[PDB]
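In structure tokens, the next block holds one chain alone, the form deposited in one PDB entry.
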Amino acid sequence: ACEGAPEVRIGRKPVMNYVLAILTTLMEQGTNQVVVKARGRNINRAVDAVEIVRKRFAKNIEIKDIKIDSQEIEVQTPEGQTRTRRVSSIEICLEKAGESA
């Protein structure tokens, strides 16, 4: 769901910055959706950012869809040994009511 919507990826900056990006993005008249994405330890922070937004605008911003997934990352030793690890990810789509009211 929410294919094409702009994306806010949770990085090193303070959760406060991503909340601002989410809100600023959603305040645009022609944009009613924004997806928040994160991997690994940042997943908790993605949820925090979304919950701050949800609780501030509990009446017009809904969590439309959530998906979790994981990626297999691998490296090869020079002698041909494969070493792998999985990294989890989360994607949360937030949708604002029609426009406002």
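Heads up: residue numbers just count along the shown sequence, starting at 1. If you superpose the two forms and keep the largest set of C-alpha atoms that fall within 1.5 Å, you have the rigid core.
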Out of 18-26 and 77-85, which one has CA B-factors that are higher on average in the deposited record? 77-85
Read off the CA B-factors in the entry, average them over 67-75 and over 38-46, and name the higher stretch. 67-75
According to the PDB entry, is the CA B factor of residue 8 in the bottom, middle or top third of its chain, that is, lowest, middle or highest? lowest
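Separately, the form deposited in another entry exists; it is not shown, and the next lines address it.
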For residue 68, is the C-alpha shift between this form and the one not shown 2 Å or more after core superposition? no
Comparing between this form and the one not shown on the rigid core, is the C-alpha shift at residue 24 2 Å or larger? no
Core aligned, does the CA of residue 59 move at least 2 Å between this form and the one not shown? yes
